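Below: one structure, written as structure tokens.
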Amino acid sequence: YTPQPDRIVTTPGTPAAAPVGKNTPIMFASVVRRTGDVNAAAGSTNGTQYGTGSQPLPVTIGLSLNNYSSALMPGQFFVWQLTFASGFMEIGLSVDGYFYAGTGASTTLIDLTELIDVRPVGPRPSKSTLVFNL
Amino acid sequence: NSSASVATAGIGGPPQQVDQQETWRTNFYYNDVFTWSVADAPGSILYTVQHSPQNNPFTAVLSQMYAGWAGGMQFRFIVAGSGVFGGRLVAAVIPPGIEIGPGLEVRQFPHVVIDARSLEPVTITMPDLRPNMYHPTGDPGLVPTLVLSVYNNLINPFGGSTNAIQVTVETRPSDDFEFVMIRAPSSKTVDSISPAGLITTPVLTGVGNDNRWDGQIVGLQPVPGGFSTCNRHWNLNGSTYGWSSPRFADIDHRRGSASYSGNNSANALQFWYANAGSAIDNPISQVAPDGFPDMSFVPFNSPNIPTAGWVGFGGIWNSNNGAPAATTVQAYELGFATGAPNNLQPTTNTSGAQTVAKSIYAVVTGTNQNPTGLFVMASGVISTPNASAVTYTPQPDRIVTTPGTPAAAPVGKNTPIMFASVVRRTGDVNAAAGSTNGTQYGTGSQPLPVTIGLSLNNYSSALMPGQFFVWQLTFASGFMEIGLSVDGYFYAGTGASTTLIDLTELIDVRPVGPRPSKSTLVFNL
Amino acid sequence: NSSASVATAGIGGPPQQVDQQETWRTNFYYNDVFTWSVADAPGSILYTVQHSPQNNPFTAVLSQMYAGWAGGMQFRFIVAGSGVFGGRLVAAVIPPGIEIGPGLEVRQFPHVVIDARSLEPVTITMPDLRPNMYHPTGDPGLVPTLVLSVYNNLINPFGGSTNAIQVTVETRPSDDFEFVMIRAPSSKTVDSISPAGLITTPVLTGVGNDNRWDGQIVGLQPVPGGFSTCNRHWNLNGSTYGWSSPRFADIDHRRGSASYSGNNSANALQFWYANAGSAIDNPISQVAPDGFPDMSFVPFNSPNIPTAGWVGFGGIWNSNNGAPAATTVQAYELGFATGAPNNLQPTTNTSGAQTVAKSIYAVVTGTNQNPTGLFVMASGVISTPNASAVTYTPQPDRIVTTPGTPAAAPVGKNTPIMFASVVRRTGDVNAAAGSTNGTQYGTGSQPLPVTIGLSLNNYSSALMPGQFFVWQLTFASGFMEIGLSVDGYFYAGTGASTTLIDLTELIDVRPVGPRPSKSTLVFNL
Amino acid sequence: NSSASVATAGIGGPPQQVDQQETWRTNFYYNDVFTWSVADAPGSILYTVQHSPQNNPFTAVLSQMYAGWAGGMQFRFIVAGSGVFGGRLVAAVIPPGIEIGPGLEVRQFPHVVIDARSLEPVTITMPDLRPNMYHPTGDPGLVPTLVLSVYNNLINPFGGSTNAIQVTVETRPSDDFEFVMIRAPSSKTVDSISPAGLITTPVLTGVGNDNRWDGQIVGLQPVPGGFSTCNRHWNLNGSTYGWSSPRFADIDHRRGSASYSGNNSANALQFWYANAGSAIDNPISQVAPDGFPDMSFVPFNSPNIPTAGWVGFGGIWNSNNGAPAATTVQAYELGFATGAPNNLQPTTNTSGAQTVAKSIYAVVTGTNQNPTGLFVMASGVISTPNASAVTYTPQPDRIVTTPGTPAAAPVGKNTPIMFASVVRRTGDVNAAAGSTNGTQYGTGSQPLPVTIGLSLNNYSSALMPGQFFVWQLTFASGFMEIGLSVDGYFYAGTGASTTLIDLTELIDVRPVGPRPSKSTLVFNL
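Residue numbers (PDB author numbering), protein chains in the order written: chain A, 436 to 569; chain A', 45 to 569; chain C, 45 to 569; chain B, 45 to 569. A prime marks a further copy of an entry chain.
Here it is, written out as structure tokens:
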């Protein structure tokens with residue numbers, strides 16, 4: 436996956452994303468174009484690559500346009516549930532703008548193409564573990 | 045207080061005057077059952093129904109007799125549980141005009157809660173939500189929806205395992221409910237629903253009825269890696285991609301080419317072949333004659349017999365004549381191939397392919413002629429050595445199909461299945477079989493009485509996408525459930541198992557009724 | 045039966061608030077009559093009608109003035125007898141939403157018997173079975189049906205040919221019948237009834253023309269093999285599948301290739317063609333340009349003329365400059381074909397076709413150009429050599445159709461009809477015929493004011509897909525019924541006939557209103 | 045007008061549930077206002093409304109809370125101006141069964157008059173003229189409509205210096221008004237879907253962008269002569285006549301032919317073309333590859349620059365190869381054309397078009413191959429002379445559209461407008477320019493957020509074909525109204541002016557709702 440965290444460039448003012456309990460910080464994985472050797476066959480039928488971001492742009496543009504300090508005070512995550520064709524999970528958003536999952540020490544990619552729907556659970560304490568049941 | 049149900053029904057009923065014919069509706073009766081999984085998310089709808097006289101079995105019967113009706117129905121739910129399963133459900137009556145999908149908050153309605161450790165039954169009432177006019181039986185119009193949603197997720201502690209538990213539904217007509225206007229009792233039937241009829245105990249307990257070899261169905265075979273089949277295979281939209289008819293009949297292709305191998309006229313192997321697009325004599329599809337196998341060719345040279353070939357008896361018949369040639373009549377392997385005779389290779393793709401025949405044993409006198417007919421019997425026998433281990437025939441890689449074919453693939457823990465049958469085997473010339481029962485397992489994906497019924501009568505309306513139609517098999521010991529998809533393929537809850545299920549211990553089969561395609565089918569043997 | 049409900053209708057009725065018209069309607073008026081014979085079998089249904097303000101003629105005139113209606117209508121029946129004939133009919137008021145057709149029995153309905161030996165008329169009131177909901181005059185909804193069926197067979201003591209008697213029906217509105225919502229009887233168009241106005245006496249008499257050859261309608265032609273039509277056709281859903289305008293309009297196509305074949309640039313046949321589906325300057329659909337004939341081409345070889353070809357007069361027209369070429373002016377065959385410019389073969393499928401034009405005689409100087417336009421007149425002539433020639437043109441096999449076009453095939457004893465007209469024929473230099481007109485028959489699927497009217501106003505939800513809208517055609521001697529489907533085909537009840545019906549001795553046309561499509565339309569001419 | 049309807053509003057039962065509430069009904073509160081000018085014609089309609097609880101503020105919020113309604117609602121009108129002013133207005137309640145427009149004769153329905161001199165307010169109680177059934181907040185069924193029309197025109201005797209006065213509209217629910225089917229508050233049905241939410245202020249201030257160029261929308265551009273647009277454009281029927289999906293992504297077309305010009309294999313100008321109907325990897329439409337610009341190509345010969353051509357960066361890719369050939373990679377001018385390689389002409393229609401590319405500068409090494417692909421980036425930059433910043437690109441002529449596309453033309457005094465955006469421009473390599481980046485107005489039909497929400501939700505039963513959905517724009521100096529049609533095009537009441545309207549001084553946008561099309565959108569700047 437590109438970029439790796441050691442590659443990511445930042446300003447000194449940046450808050451860090453770190454774990455809370457069993458809750459872990461998450462990145463959003465995406466399909467991005469790849470290019471290799473000049474004139475030769477790709478070696479991959481789908482052309483696979485996983486480019487990463489920590490926030491989706493419609494959420495970034497909304498947090499920049501309109502201040503939400505009052506909405507989530509320190510010690511809370513704002514929570515939504517994902518319902519999949521089979522199974523469910525809950526996802527949380529911190530003050531610091533980083534998104535969290537109850538995936539612990541897992542490094543496995545969660546597939547969003549089987550998503551049926553997402554609905555808000557509402558604001559919750561940051562210590563509480565987010566459900567993962569896939 | 046708000047106006048009485050019976051009085052408002054009275055206001056709904058004017059052009060009618062003969063009134064209520066009943067004094068009996070206090071008992072509750074079995075409507076249905078649904079399953080609740082540990083998967084089923086908070087806010088998920090397991091079960092929904094629209095208000096109808098069909099909601100109760102007694103009213104369903106009486107409704108045949110009458111043109112119109114009005115009033116309420118009461119619905120009662122009993123949880124099976126165990127005392128150690130938590131989670132809770134909400135039952136809501138949705139007044140008409142409310143769209144139903146995952147955006148519907150079902151707890152902002154008139155409602156009651158069902159706890160999963162509940163000993164006692166929980167009941168809710170569905171009144172008439174448009175008492176302004178009576179409803180027709182045969183064309184109801186605007187009706188309220190009953191909806192059941194998961195209020196809190198299913199909590200198992202895991203002292204064993206259990207990942208699905210069931211909730212029963214029971215119904216009764218209200219004291220305001222009424223029928224009016226007698227009509228012909230025959231128009232709507234008492235007999236069981238049009239898919240259910242397709243599977244009953246005699247198709248499986250004997251007789252012989254498979255859609256490929258027409259042998260006795262001994263067992264059910266699961267396929268973990270799916271398959272595709274189309275020849276004599278029908279879906280519930282009543283369309284086929286195959287080329288043979290569901291009425292078993294002799295194999296006749298009038299314009300093909302004949303040659304022989306052995307470099308000598310007499311005591312030789314006759315060869316016959318034709319292009320795919322040469323099959324003019326078939327009304328169904330001009331891509332291969334009726335009754336020709338959906339199996340690829342398995343090349344051999346004397347003295348060897350072909351291993352896992354389809355073999356049938358017949359001979360060569362001149363293009364315009366009235367009778368076949370008698371010296372050419374012998375047993376032949378029949379199959380799909382390309383580049384016949386001389387660059388001959390097996391293929392399971394029809395597009396530019398050739399339908400071929402080659403003799404197992406020698407013909408008295410050979411013939412080279414083009415064009416000529418091929419006349420070979422309806423159904424084949426498997427050629428394979430004596431003693432030699434049984435590998436079910438045909439394997440999926442062998443199965444020939446048209447490009448239009450839908451594939452059978454897994455759903456969750458549900459796996460696509462084939463019906464296994466006893467088919468004749470022949471090996472080495474003059475030697476002992478090596479097997480006392482003569483064992484072989486020939487396979488089909490659909491039984492023929494079900495195929496012929498799906499071709500005769502369209503059932504699109506009966507099972508809409510995301511559902512399987514379900515039946516239960518009860519055995520002398522144990523039970524299982526079997527499901528039928530839209531695409532005509534049959535499914536079992538056998539997962540990654542490849543073990544053959546024995547149908548000779550079947551006591552009975554009964555319809556569970558239509559169910560969601562995601563739900564796992566029970567297996568308990 | 046339901047005659048108590050007078051006081052329960054009187055809650056649903058009164059919120060509207062209107063007067064009762066009683067003094068004008070003392071007497072009953074003629075609605076229809078049907079024939080009863082020794083060969084009409086028991087269980088057969090001879091006559092049926094829906095409740096409607098259109099049953100009494102004066103109430104129909106009043107319906108115009110009002111936007112709602114309610115209450116009952118009285119029906120009065122007269123048997124013509126003799127007093128020596130036995131037998132009985134059964135009269136039942138059928139509930140709303142109960143399907144009508146031959147499967148329908150009176151067996152378990154409330155009824156009255158109508159007797160062969162009766163000498164006195166027998167009067168039934170047909171009550172309102174919808175009274176809680178007031179009906180709209182121009183969107184009515186669901187109503188009940190009055191049905192008369194044969195209980196006992198007509199029997200005669202004696203021989204002879206005499207085997208039939210008639211039964212007349214006359215109607216009167218009841219004392220419960222009412223009109224409400226007078227508003228402004230000002231400026232609504234289809235207050236008058238939309239479907240009923242399509243056929244009229246002076247229109248079938250001498251004002252109407254047909255919608256494909258623009259000729260005068262002489263007759264009706266049954267087609268017992270059935271047929272299909274798409275172009276310049278509209279329907280009761282407002283939808284069409286053609287390309288040409290609702291009226292007759294000239295051919296202008298800017299983008300073609302022009303060429304000739306021969307050994308010389310002069311005294312040659314000009315050829316021009318362009319692809320189907322490329323007419324982006326046609327507002328209706330790109331299938332062909334406007335004015336282009338919907339019948340397949342006629343191949344011919346120089347110097348011979350095409351038969352039963354569509355010929356039109358025009359020339360090659362410069363695309364760059366916008367102007368004709370005089371030297372090219374000639375009579376041309378215009379048609380749909382495939383295989384252009386030189387492998388031409390006929391088709392009835394538009395998709396992948398070419399719209400083709402070829403001159404029927406020599407042009408003085410030809411032109412080879414790409415691109416060049418084609419400019420031809422609206423009106424068309426049939427190409428036929430001297431005297432005796434083809435029976436009617438286009439034959440059903442010649443007609444082209446575009447996807448989406450449903451074909452019209454017989455139902456029971458009702459057969460689909462085409463409209464026949466006398467059309468102009470020209471063919472072969474200084475030819476002649478056996479008659480001065482040279483009696484050549486052009487056919488259209490609809491009359492053109494009907495094609496124009498069905499494109500001008502809406503007609504949806506007025507006629508039911510099971511029913512046909514019926515009109516009665518009355519002659520100086522005898523009568524027949526004609527019907528219109530939802531699809532916009534006309535049908536008549538001649539069964540397996542091919543014989544042409546002569547409309548010369550027509551006195552009158554009257555609407556009979558909807559009737560089930562399996563009901564035979566009567567023929568007594 | 046009726047008054048027994050109230051007894052009918054009166055009937056209850058199972059919709060009421062517990063505890064119904066009168067709510068506030070006592071006083072008249074401001075619903076709306078309309079303007080009456082000396083300009084307006086007799087028989088013109090100033091105000092119209094269907095009966096609904098969305099005609100108080102208090103019953104519009106309670107509409108979410110309750111699922112069903114019934115009964116009358118009172119409307120009070122106050123004329124303000126002077127006693128010296130002549131003219132008269134007519135208020136009338138019209139029963140259902142109507143289509144309102146040029147033929148709906150207001151002054152011939154039962155009605156009351158409103159005189160301009162009236163100091164005191166004039167009241168009407170509007171009842172239910174179909175009270176038999178509860179309406180839900182779904183379909184209510186067809187209801188009575190309130191219409192106010194000018195009977196005789198507004199006169200000022202003191203001339204044209206003052207020429208308009210306003211009339212206020214106030215409502216309160218009547219006695220017979222009731223609610224039913226309460227349930228509990230949540231969002232529901234047709235109520236939650238409206239074109240309103242597509243347009244809003246942050247999108248026009250700086251968040252949004254256009255659908256052709258991805259630029260930042262600086263202005264509104266009026267187009268008096270009309271235009272047509274389909275690519276990446278959408279309607280309120282939810283579909284597109286275009287060939288691009290609604291996002292910006294690379295242009296990939298696998299089958300075209302590639303060549304170069306200059307008779308040299310290195311340093312040459314690359315050419316690629318293909319016919320329309322070969323876009324094998326596009327689901328939207330096979331006519332052109334998604335992401336391809338909807339404009340006709342612009343001719344240039346080397347080294348001369350295209351005057352206002354669309355340029356993008358990319359190169360040539362063969363199907364057998366995993367990534368493009370680098371030597372080919374260069375800037376290309378892209379367009380739709382006919383007549384490749386060397387007879388090139390622009391095309392405004394997709395039918396028979398060719399999608400063409402030519403490099404603006406030399407490529408390192410050319411490639412001659414057929415078929416072979418084209419791979420070019422998502423959004424384009426404008427090619428145009430050095431210090432050019434005249435009007436906008438594309439002009440209406442330059443836009444390419446399909447034969448299924450409906451065109452945008454003036455309706456009344458309402459003119460179509462395009463959305464103007466800032467685009468990158470280049471003067472050909474190096475030299476000088478009018479500024480650092482240079483001014484350039486690229487235009488699109490829609491803001492990309494409106495396009496994504498038309499593709500996301502179906503608004504067909506949410507704006508009528510005769511209507512515009514209207515919002516009002518406030519600028520620092522001045523204000524205007526803007527409208528969106530059901531066909532996807534945007535309009536302004538600017539008439540024939542061409543002046544660029546600046547959205548950079550935009551304070552606000554807010555919805556005015558549905559308005560009929562003919563009636564003029566306000567422009568006061």
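By construction, the Cβ of each residue, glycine as well, lies at the ideal position given by its N, Cα and C atoms.
Amino acids of chain A', ordered along the chain, whose beta-carbon sits closer than 7 Å to that of residue i
i                  : result
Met-177 of chain C : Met-177
Own chain partners of residue i with C-beta closer than 6 Å, once the 5 adjacent residues on each side are dropped
i                   : result
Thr-392 of chain A' : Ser-340, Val-444
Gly-130 of chain B  : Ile-199
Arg-256 of chain B  : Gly-488
Partners in chain B for residue i, counting only beta-carbon separations shorter than 9 Å
i                   : result
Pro-154 of chain A' : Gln-61, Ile-226, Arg-227, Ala-228
Simplified DSSP assignment, three categories, for residue i
i                   : result
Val-251 of chain C  : helix
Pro-266 of chain A' : strand
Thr-495 of chain B  : helix
Residue i: contacting residues in chain B (beta-carbon distance under 7 Å)
i                  : result
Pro-180 of chain C : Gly-141
Alpha-carbon to alpha-carbon, residue j and residue i
i                      : j                   : result
residue 641 of chain C : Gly-448 of chain C  : The structure shown does not extend to residue 641 of chain C, since chain C spans only 45 to 569, so no value can be given for it.
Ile-545 of chain B     : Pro-333 of chain C  : 42 Å
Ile-168 of chain B     : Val-123 of chain B  : 14 Å
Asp-441 of chain A'    : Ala-464 of chain A' : 17 Å
residue 638 of chain C : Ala-520 of chain C  : As shown, chain C starts at 45 and ends at 569. That puts residue 638 of chain C outside it, with no answer to give.
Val-420 of chain C     : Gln-413 of chain C  : 18 Å
Residues near residue i in its chain [Cβ-Cβ closer than 8 Å; skip 5 each side]
i                   : result
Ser-395 of chain A' : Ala-320, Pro-447
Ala-475 of chain C  : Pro-429, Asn-430
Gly-417 of chain C  : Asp-296, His-297, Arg-298, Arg-299, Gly-300, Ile-360, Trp-361, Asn-362, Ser-363
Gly-241 of chain C  : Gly-497
Residue i beta carbon near the ligand FMN (any heavy atom closer than 8 Å)
i                  : result
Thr-79 of chain A' : Judged by which ligands are present, the structure shown has none, so any question about the ligand FMN falls away.
Proximal residues of chain A, C-beta to C-beta of residue i below 9 Å
i                  : result
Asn-365 of chain B : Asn-474, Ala-475, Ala-476, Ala-477
Interface residues of chain A' facing residue i [CB-CB closer than 9 Å]
i                  : result
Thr-233 of chain B : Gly-141, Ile-142, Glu-143
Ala-48 of chain C  : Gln-61
Listed by chain order, chain C residues near residue i by CB distance under 9 Å
i                  : result
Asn-200 of chain B : What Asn-200 of chain B touches in chain C: nothing, since even the nearest Cβ is about 32 Å away.
task: State whether the stretch 105 to 119 of chain A' contacts the stretch 211 to 219 of chain A', with contact taken as three or more CB pairs (one from each stretch) at a distance under 8 Å.
output: The stretch 211 to 219 of chain A' and the stretch 105 to 119 of chain A' touch, with three or more beta-carbon pairs separated by less than 8 Å.
- prompt: Taking one C-beta from the stretch 236 to 254 of chain B and one from the stretch 546 to 564 of chain B each time, how about it: are there three or more such pairs within less than 8 Å?
  reply: yes
- prompt: Counting Cβ pairs, one atom from each stretch, are 3 or more of them under 8 Å apart for the stretch 149 to 163 of chain B and the stretch 181 to 197 of chain B?
  reply: Yes: at least three Cβ pairs fall under 8 Å.
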